[PDB]
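One structure is given below, encoded as structure tokens.
Nothing in this text is a laboratory measurement; each read-out follows from the coordinates by a stated rule. For neighbour counting, all protein chains shown are included, and Cβ atoms are generated from backbone atoms with ideal geometry for every residue, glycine included.
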Amino acid sequence: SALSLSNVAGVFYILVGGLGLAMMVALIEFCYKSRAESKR
Amino acid sequence: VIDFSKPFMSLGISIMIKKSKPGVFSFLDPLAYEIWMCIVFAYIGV
């Protein structure tokens, strides 16, 4: 009767992928600004 | 001691069972336990 995890596994995958993408974007911006400061 | 005919009715040993009140935490029933646990994990990670 209960809805199983396989029924909604894709939205979990999407959520974790979005968390990874946000981490990657933030780290890329941090690296870019760190290089910018080191140059200036 | 007596002569039987072919069976006019076939039977065997079988199980008679009886023929539910909602549980206290039955509001969690629509989703599986793994879904709730992974929801908590996803909340922490988010």
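Laid out as a table, the results:
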item	result
Magnitude of the charge dipole, the protein assembly as shown, Cβ model with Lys/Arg +1 and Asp/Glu -1, debye to 20	220
Inter-part distance where chain A and the range B:12-46 are each reduced to a Cα centre, Å	32
Signed unit charges on C-beta, dipole axis of the protein assembly as shown, positive-most listed residue A:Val16, A:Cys31, A:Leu3	A:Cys31
Ordering of A:5-13, A:22-30, B:5-13, B:29-37 by packing [mean C-beta count within 10 Å, highest first]	B:29-37, A:5-13, A:22-30, B:5-13
Between helix A:9-39 and chain A: long-axis angle, C-alpha atoms, 0 to 90°, nearest 10	0
